[PDB]
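Chemist: For reference, the structure I am asking about is given below.
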Amino acid sequence: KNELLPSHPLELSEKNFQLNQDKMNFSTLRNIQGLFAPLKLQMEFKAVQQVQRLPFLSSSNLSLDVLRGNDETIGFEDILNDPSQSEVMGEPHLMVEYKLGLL
Amino acid sequence: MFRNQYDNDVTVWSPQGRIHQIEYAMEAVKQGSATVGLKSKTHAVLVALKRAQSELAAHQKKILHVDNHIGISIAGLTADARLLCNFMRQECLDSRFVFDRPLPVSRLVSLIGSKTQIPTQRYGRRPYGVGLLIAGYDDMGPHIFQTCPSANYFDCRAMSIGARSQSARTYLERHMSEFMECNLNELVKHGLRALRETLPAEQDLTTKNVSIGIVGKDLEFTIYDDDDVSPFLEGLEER
Amino acid sequence: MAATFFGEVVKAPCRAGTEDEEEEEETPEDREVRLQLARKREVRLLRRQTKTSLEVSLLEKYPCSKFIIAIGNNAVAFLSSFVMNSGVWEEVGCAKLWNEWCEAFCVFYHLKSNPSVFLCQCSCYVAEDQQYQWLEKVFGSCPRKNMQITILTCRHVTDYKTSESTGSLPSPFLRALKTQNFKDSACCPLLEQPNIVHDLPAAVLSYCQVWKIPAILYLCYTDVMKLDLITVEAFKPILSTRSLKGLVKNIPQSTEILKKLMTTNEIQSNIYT
Amino acid sequence: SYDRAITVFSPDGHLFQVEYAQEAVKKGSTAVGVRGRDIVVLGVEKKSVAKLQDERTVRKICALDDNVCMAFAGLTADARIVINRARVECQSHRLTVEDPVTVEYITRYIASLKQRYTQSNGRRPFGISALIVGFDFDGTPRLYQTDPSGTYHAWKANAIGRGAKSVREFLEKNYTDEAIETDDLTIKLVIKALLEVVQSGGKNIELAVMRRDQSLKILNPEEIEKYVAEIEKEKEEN
Amino acid sequence: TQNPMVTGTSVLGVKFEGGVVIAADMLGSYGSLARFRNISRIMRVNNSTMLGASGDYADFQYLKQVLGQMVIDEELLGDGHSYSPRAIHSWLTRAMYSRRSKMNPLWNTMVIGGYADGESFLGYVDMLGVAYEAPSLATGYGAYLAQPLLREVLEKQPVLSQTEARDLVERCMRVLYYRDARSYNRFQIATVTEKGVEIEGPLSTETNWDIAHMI
Amino acid sequence: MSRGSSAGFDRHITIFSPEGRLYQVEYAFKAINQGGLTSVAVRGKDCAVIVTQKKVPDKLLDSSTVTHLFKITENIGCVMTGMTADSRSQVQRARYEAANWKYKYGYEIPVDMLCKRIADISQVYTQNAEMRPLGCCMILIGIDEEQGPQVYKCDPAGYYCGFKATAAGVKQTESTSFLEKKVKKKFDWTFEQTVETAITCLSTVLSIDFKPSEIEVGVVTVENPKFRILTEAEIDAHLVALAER
Amino acid sequence: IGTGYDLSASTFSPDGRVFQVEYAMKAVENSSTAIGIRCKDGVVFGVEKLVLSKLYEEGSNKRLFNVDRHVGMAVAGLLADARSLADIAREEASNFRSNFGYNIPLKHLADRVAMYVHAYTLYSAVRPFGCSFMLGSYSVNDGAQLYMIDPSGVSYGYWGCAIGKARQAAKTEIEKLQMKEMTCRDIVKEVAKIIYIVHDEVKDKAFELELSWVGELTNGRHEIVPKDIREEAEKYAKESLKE
Amino acid sequence: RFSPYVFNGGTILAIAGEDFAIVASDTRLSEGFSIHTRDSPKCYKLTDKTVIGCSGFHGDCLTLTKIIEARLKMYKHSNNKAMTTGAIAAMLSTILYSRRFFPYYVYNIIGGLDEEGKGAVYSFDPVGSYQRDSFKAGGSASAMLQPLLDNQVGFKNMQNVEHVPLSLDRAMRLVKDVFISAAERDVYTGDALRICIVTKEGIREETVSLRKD
């Protein structure tokens, strides 16, 4: 589909900004610290994200923010558009099944 | 008695310092049928004792193709065996696609070892309860590799795994020097004799229950069944 | 011990089985279904010949002097191969029971020449709550204290406990366990101290010991259990000794051929080839 | 234990959690549906005539599509979820295939959804049994019944919920081609079956009528009482 | 790569009886500027394989790092197997093709020499993935200037000796220096034989300018 | 947790006790005690000193590699008490956090902020079920630009308080009492005075007179803000000064 | 004794002990002894590799791994975990050469692998590694460096150590050996002698001695001891055992 | 800019017969105005009953041949039998259409015996469309070669002629003549002509020298 092609050159970069930042942090740790630090942080993130609200309810992700160092950092991401005020919410069961990988 | 708590899981260490799930996977592979794998200075032969669920049901195949120069002998869980065979086939295809050369047997065995080690360390996964005798030919010559449900692997000149394989192992250890320097037909006959030693005295080898896989210098891995194994059975001495 | 989700609280299972009782410890419907299950599980001893339910115990009805009991497919196969063709054995009685875990039958035989000698080919499993009921149905409450009971069963090498590992152990080995009254030679090494038997052979042997009945229990530990010829070959020493010396005639030839018949007609493991 | 985990098989080979979902279905109110010549009718026995409650908000018979109907017996919330999913799938099928949804297709979809929810132990099975009934593209009457396990079966006449067995025996005894031929005969049959289910009957009868090329319509208590009076007069004549 | 930036001039390779010899200049040009005049555009992959590149020098260094790491790892394995030059050629072809398919190709044209199992190997891998084996090879302006002489000599005498191949390569280097603006006087002769890969030091050409006075 | 939450109140980190205590954190403290060593840190008006007992178990063991004094950044050093592996992991995490702070904010991280980050990570550990608290204790020292010498100890529970004289290890209570007695008597607290106070406190609580090789001393002064590890000769000189007076 | 606290690696005992790590240590102790002695010229390894059957080809289940051109690896405990950790170390050293362009220091590699092991011991989803290994290397600047890593995740340098069944006897032998003044040849001879001394022929039927060393004589490159020198060392060990 | 494709020349041609399937191609690998090498046959044998010719961008040709070999091995492993010529043609069509938006710049002609022992020739376009023909020519000189194949093998525009069945020797002579003409008029052809004859006995390879540039 044409949706795969980014509309803006900056869109692809800022859409995955958090993922790219985590990847860069893992790359730096792994360059300097070693394989243990990225693996440790990956398990920690997986553990914190595994426990949260269901997809149709907005989660706080406080522990994830603390682990990622964003608990005291605010960017345009947090303010410009609120995940709480989604304006678009699907069927609860449908969203849960989508997250589970069934769909 | 006191090991019930540490027996259920694979990520739980026993007070003696031994994971019991791996040993139970070894028991599972032991519970399977018997295979014999031996190699001469120029050939590697895998002879397996196929088992039939019933008289009407056909004997289930135990020799599986992997590459033009690599083959395996099945022993233990069938689903894990098929998964491992698919993984090895994909690895060999990737090697021949990238480097345009056959994948060395030792590298494939190391990859299998790592792959089967991964589950034993993680939660929610069980060890691959399958043992494989891998026969292949490389620049170093014939190879016989024994893969255990525990990720550790062994390099052998002759080995038998499965049920009642102790007699076959004893016979193989009796004539190792004969195995190393002998003709291809002699090597196949030695493997058949070991497999017979596994069998009860009353029973005897038949074309239906014998599967032979041979890989050599100029010979690719070919699996012989029934009328194809009849020539090898002919001329075999009486037990 | 569920661990269905992340925060699921799991509880360590108790080897003593306390948790089952703790959960257990009413509603008329629950009591009714429990009684239905109880009468579904109870052993019903009867004979297919003439369809006459055997309310009276076998021991009370006929006086037995030698009761050979075989539990497990290999043991009943050995008996079928060696003792049937030696003489004549007609069916008298058959216990019928239903278990959660499971040619599953418990058939009793008696020699026409000497009715005092009986037999039991228990190819089916009996739950922990039904061995005592089976003993009540067969032996009744009043024993004879004059019966030579030779219990035959097959076990797995993994069950046997010793310093040597299971693999290193010679797989086709068998042990013996005899009561105080049984003064005859066991012909086999006695079971190791830590080893324990906890099935129908154990129930029968305990019944014999409590009531002073001479009995001997044979346990043939083997790595394979599905109609294996090596198991019966290792059982042969049992008939080589007394008790089963006269029951089986001097015709090993037919038995050896007969033993092959049972092994040929066997079902292999689809999961493990 | 074996009966606590959905994925764990019992030694006998049972998935006892699915059977417990079936028991929950049995706990529900009786729902009865029969099949006739160009006439399909449903009937649900109300557990109690709760005063100060709007009957519209607690209806058991709903219309998945203009040509398909469905009645359930079990947990109401699960039934509502399944009904919404079935309606969404019916519209999606009418979009992608452009043809009216067959009763087989939607019954298969509902059964697949229930089975998928039976798959994992994290998700509990839907504790509902559905009586999907309607007309196909050619207008052939069709009646079907799904179970929490995920097995669907076609029936000439079926009853689900509490007292399902007795109503099923009633229907088997009193199912004739003549009754199917007349739409009023089928309606009277359903009224008699539900009256056998519940002695009081009357206001407790929740009956819906669907005919050839006609949308689902629920008979008002007036018509239900008229049919009950007809049945009573017929019984008195005998 | 999108901007070649520092580039290589040309690599010429020819196979003789006993091994293969390749040659390349020691110049990396930014544009028309010489800039870096001491870099080496030839690497020793292993004891029986050599490699020379023409194009982006950063990509050449990246390939150097990757190939050295693979060789080191395989040596660590210590299973008695060695990457044959044909295997390295196939791997390089696959890598270049994948990079091309990703629309981010490596801008180097690679010449692969080697001598294993008594067989001289001489491979060519291009930017896009065009791979082939020829008795003589030449990249960049080599294919136009030196390749004629190499092909003529080889089609005249199918098999050359080490000295003959070296002399022919030196003549080709002289011609390239005469008639290539991106060439450099200093070059590097690398030869692989049964003994192993031997890379000679910086060598200069015998310039001749009598025609300057002739006019 | 992937394996599953434990049953008993004290068998899991997350679930509370009837009072509301978390027994796993207390067991982490018991692990810190199980470390086997004692660390004493003293804050003066000119320098901060950390002293811990160095116990090379075997002669074959290389004494150079056996050390509990680690530097987080060029100006901040720490002494770790408890499990060795957990202490190393916390040291690596603190180093990474300090480097990230320097990269992002343009100036070196203060000690208080370093322990605040470490304690936040520790709280995250104590709140979730998958992970467990680290069985170790971190004592950070460093000279602040305005506040002067700073000593902060940094625990599994997530308490990041700062102290004038910190103690940690098996003899934490006795060392704390001794340091409280010394602090109540306010001396000049010079560099050598602080070193002597730390060494004599450790000797008193351990009831042993240290030789140069039985302790490792790390210091950081206002004049020299770089974290410095005292050479064995300097430790011997300090011990000789203590013995003389 | 941690009866109800020894099921998960994320559970603390009342006294503060993680019993899963200790069980991993015991599992390491179940394995045959592997010793390694560091001297002035370099580091020499040696393992009592028991042969389970004569069928196995010589060199099967090798306990000595070359994780890098200059770094050796003598492993004990579970073999599968040993191979996995060897692969991890290989990736780390490969990555260091690729990034910083020079061979990774022995201390840094030991720290990386030890922290990997500790991370594995941290969580309950995974179990602690059941193997202990020795990392040894020699360099002209760094010099002879020998390190040992425990399943807990420690990393301590040694002049000589042993891991396995007869750990203490080998440790005492190394203690009474003066490694700091001997060359690599004498060190390998003494390693063979110690391995033969600590081997119990009664419980263990037979074993094959694998010897590897890294030092100046090898130009700072880990390699297996040549067959001639290995045979000489075995002969010397036989003579020492006889007397 | 960057151009992922370049034209390396090469001409392929396949002729089907009653019991033979000739697959012929030239050995000229030429990029731009230069000749990369004079020995690079464009025909690669897949099985004992199938030979495929690839012309166009050399890198795509090599990658496609390697993928075809890998897929043949996968099919043999899965179905325990060698893939038939029609199956190979269908699989190649699917593979070619897989990379539709980044098309392979390869002209593919599959020639070999079918299950009935009859020569089968399948012609492919870069996108993937294919059909079975009795004879086809592909590559740079396809337009030059095709008319004579139509005139002789197809007997088109030949009034009052005998439709003699195509023999093997006549097919070889025709192939040699057409490739000689191509070398004469096409600069991308010459050097040598690799002829692969697929018969029930096996595959025979014949090399015929063509005039160099």
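By convention here, the chains of the structure tokens are called A, B, ... in the order presented, each chain's residues are numbered starting at 1, and ligands are numbered starting at 1 in the order presented.
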Extract, using only C-alpha atoms, all DNA, RNA and protein residues at most 12 Å from residue 145 in chain F, discarding same-chain residues fewer than 2 positions from it, and format them as a PDB file with N, CA and C atoms, in the first residue's frame.

Modeler:
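selection-v4.pdb was written with the following content:
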```pdb
ATOM      1  N   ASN F  75      34.997  12.547  39.247  1.00  0.00           N
ATOM      2  CA  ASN F  75      34.904  13.237  40.526  1.00  0.00           C
ATOM      3  C   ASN F  75      34.068  12.507  41.566  1.00  0.00           C
ATOM      4  N   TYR F 107      26.640  19.360  32.238  1.00  0.00           N
ATOM      5  CA  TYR F 107      27.465  19.478  33.431  1.00  0.00           C
ATOM      6  C   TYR F 107      27.389  18.179  34.219  1.00  0.00           C
ATOM      7  N   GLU F 108      28.411  17.952  35.041  1.00  0.00           N
ATOM      8  CA  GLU F 108      28.543  16.685  35.746  1.00  0.00           C
ATOM      9  C   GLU F 108      27.389  16.481  36.720  1.00  0.00           C
ATOM     10  N   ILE F 109      26.934  15.239  36.821  1.00  0.00           N
ATOM     11  CA  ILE F 109      25.786  14.920  37.678  1.00  0.00           C
ATOM     12  C   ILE F 109      26.174  15.127  39.137  1.00  0.00           C
ATOM     13  N   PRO F 110      25.329  15.750  39.957  1.00  0.00           N
ATOM     14  CA  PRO F 110      25.588  15.768  41.399  1.00  0.00           C
ATOM     15  C   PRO F 110      25.406  14.388  42.012  1.00  0.00           C
ATOM     16  N   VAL F 111      26.041  14.197  43.170  1.00  0.00           N
ATOM     17  CA  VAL F 111      25.952  12.914  43.864  1.00  0.00           C
ATOM     18  C   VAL F 111      24.511  12.628  44.269  1.00  0.00           C
ATOM     19  N   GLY F 142      31.635  12.710  46.879  1.00  0.00           N
ATOM     20  CA  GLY F 142      32.018  13.691  45.885  1.00  0.00           C
ATOM     21  C   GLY F 142      31.914  15.107  46.409  1.00  0.00           C
ATOM     22  N   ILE F 143      32.648  16.028  45.794  1.00  0.00           N
ATOM     23  CA  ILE F 143      32.664  17.427  46.204  1.00  0.00           C
ATOM     24  C   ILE F 143      31.697  18.191  45.314  1.00  0.00           C
ATOM     25  N   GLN F 147      27.884  23.036  47.853  1.00  0.00           N
ATOM     26  CA  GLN F 147      27.645  22.387  49.135  1.00  0.00           C
ATOM     27  C   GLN F 147      28.888  21.732  49.723  1.00  0.00           C
ATOM     28  N   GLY F 148      29.997  21.698  48.993  1.00  0.00           N
ATOM     29  CA  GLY F 148      31.207  21.084  49.486  1.00  0.00           C
ATOM     30  C   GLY F 148      31.124  19.571  49.457  1.00  0.00           C
ATOM     31  N   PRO F 149      31.863  18.907  50.344  1.00  0.00           N
ATOM     32  CA  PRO F 149      31.837  17.438  50.365  1.00  0.00           C
ATOM     33  C   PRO F 149      30.431  16.910  50.608  1.00  0.00           C
ATOM     34  N   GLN F 150      30.104  15.808  49.936  1.00  0.00           N
ATOM     35  CA  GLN F 150      28.793  15.185  50.035  1.00  0.00           C
ATOM     36  C   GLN F 150      28.962  13.677  50.124  1.00  0.00           C
ATOM     37  N   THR F 221      38.931  15.338  47.847  1.00  0.00           N
ATOM     38  CA  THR F 221      39.083  16.581  48.589  1.00  0.00           C
ATOM     39  C   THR F 221      38.627  17.764  47.747  1.00  0.00           C
ATOM     40  N   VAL F 222      38.367  18.880  48.432  1.00  0.00           N
ATOM     41  CA  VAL F 222      37.985  20.105  47.739  1.00  0.00           C
ATOM     42  C   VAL F 222      39.122  20.587  46.846  1.00  0.00           C
ATOM     43  N   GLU F 223      40.353  20.568  47.362  1.00  0.00           N
ATOM     44  CA  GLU F 223      41.494  20.996  46.560  1.00  0.00           C
ATOM     45  C   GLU F 223      41.692  20.086  45.355  1.00  0.00           C
ATOM     46  N   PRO F 225      39.397  17.564  43.504  1.00  0.00           N
ATOM     47  CA  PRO F 225      38.071  16.936  43.402  1.00  0.00           C
ATOM     48  C   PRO F 225      38.083  15.568  42.741  1.00  0.00           C
TER      49      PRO F 225
END
```

Chemist: Step one, run DSSP on the backbone; step two, keep only residues of range 32-93 of chain D assigned to alpha helix (DSSP H); then write them as a list in words.

Modeler: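 Going through range 32-93 of chain D, the alpha helix (DSSP H) residues come out as residues 76, 77, 78, 79, 80, 81, 82, 83, 84, 85, 86, 87, 88, 89, 90, 91, 92 and 93 of chain D.
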
Chemist: Export, as a tab-separated table (two decimals), in the first residue's frame, the selected residues with N, CA, C and O atoms.

Modeler:
```tsv
chain	number	residue	atom	x	y	z
D	76	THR	N	-25.44	-13.07	29.75
D	76	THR	CA	-26.00	-12.05	28.86
D	76	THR	C	-24.91	-11.20	28.22
D	76	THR	O	-25.01	-10.85	27.04
D	77	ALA	N	-23.88	-10.84	28.99
D	77	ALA	CA	-22.82	-10.00	28.44
D	77	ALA	C	-22.07	-10.70	27.31
D	77	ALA	O	-21.78	-10.09	26.27
D	78	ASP	N	-21.75	-11.98	27.50
D	78	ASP	CA	-21.10	-12.74	26.44
D	78	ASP	C	-21.99	-12.81	25.21
D	78	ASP	O	-21.51	-12.70	24.08
D	79	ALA	N	-23.30	-13.00	25.41
D	79	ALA	CA	-24.22	-13.01	24.29
D	79	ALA	C	-24.21	-11.68	23.55
D	79	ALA	O	-24.24	-11.66	22.32
D	80	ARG	N	-24.18	-10.57	24.28
D	80	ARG	CA	-24.16	-9.26	23.64
D	80	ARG	C	-22.88	-9.09	22.82
D	80	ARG	O	-22.92	-8.59	21.69
D	81	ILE	N	-21.74	-9.50	23.38
D	81	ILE	CA	-20.48	-9.38	22.65
D	81	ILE	C	-20.53	-10.22	21.37
D	81	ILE	O	-20.15	-9.76	20.29
D	82	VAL	N	-21.01	-11.46	21.49
D	82	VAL	CA	-21.06	-12.34	20.32
D	82	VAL	C	-22.02	-11.79	19.28
D	82	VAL	O	-21.77	-11.88	18.07
D	83	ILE	N	-23.14	-11.21	19.72
D	83	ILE	CA	-24.11	-10.65	18.79
D	83	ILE	C	-23.51	-9.47	18.03
D	83	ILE	O	-23.68	-9.34	16.81
D	84	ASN	N	-22.81	-8.58	18.75
D	84	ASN	CA	-22.17	-7.46	18.07
D	84	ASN	C	-21.13	-7.93	17.07
D	84	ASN	O	-21.07	-7.43	15.94
D	85	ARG	N	-20.32	-8.92	17.45
D	85	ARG	CA	-19.31	-9.43	16.52
D	85	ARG	C	-19.97	-10.07	15.30
D	85	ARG	O	-19.50	-9.90	14.17
D	86	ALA	N	-21.06	-10.81	15.52
D	86	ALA	CA	-21.76	-11.44	14.40
D	86	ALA	C	-22.35	-10.41	13.46
D	86	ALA	O	-22.29	-10.58	12.24
D	87	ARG	N	-22.92	-9.33	14.00
D	87	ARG	CA	-23.45	-8.27	13.14
D	87	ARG	C	-22.33	-7.62	12.33
D	87	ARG	O	-22.49	-7.37	11.13
D	88	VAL	N	-21.20	-7.34	12.98
D	88	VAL	CA	-20.07	-6.75	12.27
D	88	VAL	C	-19.62	-7.67	11.14
D	88	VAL	O	-19.36	-7.22	10.02
D	89	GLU	N	-19.52	-8.97	11.42
D	89	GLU	CA	-19.08	-9.90	10.39
D	89	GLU	C	-20.10	-10.01	9.27
D	89	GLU	O	-19.73	-10.17	8.10
D	90	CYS	N	-21.39	-9.96	9.60
D	90	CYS	CA	-22.41	-10.01	8.57
D	90	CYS	C	-22.28	-8.83	7.62
D	90	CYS	O	-22.35	-8.98	6.39
D	91	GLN	N	-22.07	-7.63	8.17
D	91	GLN	CA	-21.89	-6.46	7.32
D	91	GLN	C	-20.60	-6.56	6.51
D	91	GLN	O	-20.57	-6.19	5.33
D	92	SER	N	-19.53	-7.07	7.12
D	92	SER	CA	-18.27	-7.22	6.39
D	92	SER	C	-18.44	-8.19	5.23
D	92	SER	O	-17.88	-7.97	4.14
D	93	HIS	N	-19.17	-9.28	5.44
D	93	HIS	CA	-19.42	-10.23	4.36
D	93	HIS	C	-20.28	-9.61	3.27
D	93	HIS	O	-19.98	-9.76	2.08
```

Chemist: If the cut-off is 9 Å, can you tell me the residues of chain B near chain F, counting only C-alpha atoms? I'd like them as an MDAnalysis selection string.

Modeler: chainID B and resid 11 123:124

Chemist: Generate a file of the selected residues that holds N, CA, C and O atoms, formatted as a PDB file, in the first residue's frame.

Modeler:
```pdb
ATOM      1  N   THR B  11      13.681 -24.457  34.621  1.00  0.00           N
ATOM      2  CA  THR B  11      14.435 -23.310  35.105  1.00  0.00           C
ATOM      3  C   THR B  11      14.716 -23.380  36.600  1.00  0.00           C
ATOM      4  O   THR B  11      15.260 -22.424  37.161  1.00  0.00           O
ATOM      5  N   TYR B 123      12.013 -19.957  30.473  1.00  0.00           N
ATOM      6  CA  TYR B 123      10.783 -20.458  31.067  1.00  0.00           C
ATOM      7  C   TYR B 123       9.731 -20.690  29.989  1.00  0.00           C
ATOM      8  O   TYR B 123       9.721 -20.024  28.950  1.00  0.00           O
ATOM      9  N   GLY B 124       8.842 -21.644  30.248  1.00  0.00           N
ATOM     10  CA  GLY B 124       7.760 -21.935  29.331  1.00  0.00           C
ATOM     11  C   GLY B 124       8.150 -22.742  28.115  1.00  0.00           C
ATOM     12  O   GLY B 124       7.334 -22.878  27.196  1.00  0.00           O
TER      13      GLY B 124
END
```

Chemist: Could you give me, as a PyMOL selection string, the residues within 10 Å of residue 178 in chain C, counting only C-alpha atoms and dropping anything in the same chain fewer than 4 positions from it?

Modeler: chain C and resi 149-151+182-186+190-191+205+208-209+214-218

Chemist: Write the residues you've just listed into a file as a compact mmCIF listing (two decimals), in the first residue's frame, and include N, CA and C atoms for each of them.

Modeler:
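Resulting contents of selection.txt:
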```
# COMPACT_ATOMS: atom_id res chain seq x y z
N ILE C 149 1.17 -67.32 47.11
CA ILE C 149 0.86 -66.23 46.20
C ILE C 149 2.17 -65.75 45.59
N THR C 150 2.26 -65.81 44.27
CA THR C 150 3.41 -65.29 43.52
C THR C 150 2.90 -64.12 42.68
N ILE C 151 3.24 -62.91 43.11
CA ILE C 151 2.79 -61.71 42.42
C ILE C 151 3.83 -61.31 41.38
N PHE C 182 6.66 -66.60 53.96
CA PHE C 182 7.25 -67.19 52.77
C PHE C 182 8.73 -67.45 53.03
N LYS C 183 9.06 -68.70 53.38
CA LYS C 183 10.43 -69.08 53.69
C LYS C 183 11.16 -69.67 52.49
N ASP C 184 10.50 -69.79 51.34
CA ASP C 184 11.15 -70.33 50.16
C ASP C 184 12.17 -69.34 49.60
N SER C 185 13.15 -69.88 48.89
CA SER C 185 14.20 -69.04 48.32
C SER C 185 13.60 -68.04 47.34
N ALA C 186 14.01 -66.78 47.47
CA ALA C 186 13.51 -65.73 46.59
C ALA C 186 14.09 -65.83 45.19
N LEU C 190 16.99 -59.14 46.92
CA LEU C 190 15.92 -58.43 47.59
C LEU C 190 15.94 -56.95 47.20
N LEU C 191 14.76 -56.34 47.22
CA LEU C 191 14.65 -54.94 46.83
C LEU C 191 15.47 -54.07 47.76
N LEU C 205 0.55 -57.85 48.58
CA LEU C 205 1.63 -58.27 49.47
C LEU C 205 1.38 -57.80 50.90
N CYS C 208 -1.23 -60.04 52.40
CA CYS C 208 -0.65 -61.32 52.79
C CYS C 208 0.17 -61.19 54.07
N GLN C 209 0.98 -60.13 54.18
CA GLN C 209 1.82 -59.95 55.36
C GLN C 209 0.97 -59.75 56.61
N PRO C 214 1.81 -66.82 53.11
CA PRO C 214 3.10 -66.86 52.41
C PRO C 214 2.99 -66.37 50.98
N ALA C 215 3.65 -65.26 50.67
CA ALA C 215 3.58 -64.65 49.35
C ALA C 215 4.93 -64.06 48.98
N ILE C 216 5.15 -63.92 47.68
CA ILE C 216 6.37 -63.32 47.15
C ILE C 216 6.00 -62.41 45.99
N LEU C 217 6.63 -61.24 45.95
CA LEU C 217 6.39 -60.24 44.91
C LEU C 217 7.64 -60.12 44.04
N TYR C 218 7.46 -60.24 42.73
CA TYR C 218 8.54 -60.08 41.76
C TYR C 218 8.32 -58.81 40.96
```

Chemist: List the neighbours of range 125-138 of chain G out to 6 Å using only C-alpha atoms; skip same-chain residues closer than 2 positions along the sequence, and give me the result as a ChimeraX atom specification.

Modeler: /B:11,121-123 /F:2 /G:24,27-28,42,70-78,81-82,120-121,123,143-151,215,220

Chemist: For the atom pair CA of residue 244 in chain C and CA of residue 67 in chain C, what is the interatomic distance in Å to one decimal place?

Modeler: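 A separation of 10.4 Å between them.
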
Chemist: Neighbours of residue 70 in chain B within 12 Å (only C-alpha atoms; same-chain residues fewer than 2 positions away dropped), as a ChimeraX atom specification?

Modeler: /B:43-46,63-68,72-73,85,88-89,91-93,102-106,108-109,132-138,142-145,213-216,219-223

Chemist: Fewer than 2 positions away in the same chain doesn't count, so skip those; otherwise give me all residues within 12 Å of residue 57 in chain B, counting only C-alpha atoms, as number ranges by chain.

Modeler: B: 50-55, 59-61, 208; C: 266-268, 270

Chemist: Go ahead and write the residues just picked, N, CA and C atoms, as a short mmCIF file (atom, residue, chain, number, x, y, z; two decimals), in the first residue's frame.

Modeler:
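Contents of the output file out.cif:
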```cif
data_model
loop_
_atom_site.label_atom_id
_atom_site.label_comp_id
_atom_site.auth_asym_id
_atom_site.auth_seq_id
_atom_site.Cartn_x
_atom_site.Cartn_y
_atom_site.Cartn_z
N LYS B 50 13.36 -49.38 11.84
CA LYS B 50 12.05 -48.77 11.73
C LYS B 50 11.01 -49.58 12.49
N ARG B 51 10.04 -48.89 13.08
CA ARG B 51 8.96 -49.51 13.83
C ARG B 51 7.63 -49.20 13.16
N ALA B 52 6.75 -50.19 13.13
CA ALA B 52 5.41 -50.05 12.58
C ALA B 52 4.40 -50.08 13.71
N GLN B 53 3.46 -49.13 13.69
CA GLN B 53 2.44 -49.08 14.73
C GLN B 53 1.61 -50.36 14.74
N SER B 54 1.25 -50.86 13.57
CA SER B 54 0.49 -52.10 13.44
C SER B 54 0.99 -52.85 12.21
N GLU B 55 0.50 -54.08 12.05
CA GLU B 55 0.89 -54.87 10.89
C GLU B 55 0.47 -54.18 9.60
N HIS B 59 5.90 -48.97 8.08
CA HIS B 59 6.98 -48.62 9.00
C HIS B 59 7.29 -47.13 8.89
N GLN B 60 7.40 -46.47 10.04
CA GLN B 60 7.66 -45.04 10.05
C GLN B 60 9.13 -44.77 9.73
N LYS B 61 9.37 -43.85 8.81
CA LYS B 61 10.73 -43.56 8.37
C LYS B 61 11.54 -42.93 9.50
N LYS B 208 11.63 -54.86 5.73
CA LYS B 208 10.62 -53.88 6.08
C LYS B 208 11.09 -52.97 7.21
N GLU C 266 1.67 -56.20 18.59
CA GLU C 266 1.87 -55.10 19.53
C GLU C 266 1.70 -53.78 18.80
N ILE C 267 1.36 -52.75 19.57
CA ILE C 267 1.14 -51.40 19.04
C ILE C 267 2.34 -50.54 19.42
N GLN C 268 2.99 -49.96 18.41
CA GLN C 268 4.14 -49.11 18.64
C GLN C 268 3.70 -47.71 19.04
N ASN C 270 3.34 -44.03 18.44
CA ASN C 270 3.34 -43.08 17.33
C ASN C 270 4.21 -41.86 17.64
#
```
